[PDB]
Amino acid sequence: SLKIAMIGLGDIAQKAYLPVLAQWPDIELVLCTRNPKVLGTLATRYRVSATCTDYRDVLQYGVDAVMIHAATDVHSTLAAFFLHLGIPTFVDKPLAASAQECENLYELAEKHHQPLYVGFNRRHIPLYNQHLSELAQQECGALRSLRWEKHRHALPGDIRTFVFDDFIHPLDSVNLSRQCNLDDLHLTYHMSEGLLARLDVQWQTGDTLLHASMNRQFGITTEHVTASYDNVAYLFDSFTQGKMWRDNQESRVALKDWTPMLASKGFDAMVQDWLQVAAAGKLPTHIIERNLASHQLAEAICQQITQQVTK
């Protein structure tokens, strides 16, 4: 059995995590959030006796690990608190607001031999990891190309936020390699009256061309993933449907009916991994390098665009 604390019950905590762990058997929750009104409503709805208003009062529940869903602003603070207190810590992307804080956090995590899992659901998409072993293995494998497009309609933003809070999803999902700088990388972008409209990062490591694309001034909000091997390719227009091309024939691949929405988006699968990491008390090295790399690449991309625009 496992006991977990959830600090910061905001939009995502309520939209996905809570509903996923609330029904998860053999798991005991310890809800924590500053707003007592919200806290109580939720605790009652999902029948949770372990209530907490001050994240520090969590120590009084001997938890096996905590999950932080609060805003980025208070990520490190809360993360560092449980880490230097010898407690596994889960955190929603982005781990921190800057690459340096990400490095420091992981340093503290190592100085205490504690795991620091960063929530990246797009590494656990059931339909994608089913036809694409590479994504499940987090390697480049036999992939010849992989393009991850996540767009939005009329929704530009400031460089920083755009990259760390949104682009990081396609950027990390495609980061099957461990790209951490802009070396041998091709960064392109457009800007509409002061803001970032579309970002394109693409590079080739080995025999695999990785491409992360985000056009937030697109004609419609949608996310597509295209991957190709030798004489075989897939194109997913969503997380539940797709097309498989082989032998010059096209067929559709899809999740089985009744598969819950939060599962298709990979939260169920991710929590699974998280728990195993929490229980084992250790997160595999490549995952730690994956995490840092993606965050470092974000920083490189930000400073680069910022410098070019300002200059």
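One-based numbering along the sequence shown.
Look at the C-alpha B-factors of 133-141 and of 236-244. On average they run higher in 133-141. Mean CA B-factor, 210-218 versus 69-77: the higher value falls on 69-77.
Looking at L262, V253, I27, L39, the one whose CA carries the top B-factor in the deposited record is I27. Between the residues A227, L187, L155, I87, it is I87 that shows the highest Cα B-factor in the PDB record. The deposited CA B-factor of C180 belongs to the highest third of values across its chain. Remark: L146 belongs to the lowest third of its chain, ranked by C-alpha B-factor as recorded.
Sort the chain's modelled residues by C-alpha temperature factor and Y46 lands in the highest third, per the entry. In this PDB entry, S173 carries a Cα temperature factor that places it within the lowest third of its chain's modelled residues.
Among all modelled residues in its chain, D166 ranks in the middle third by Cα B-factor.
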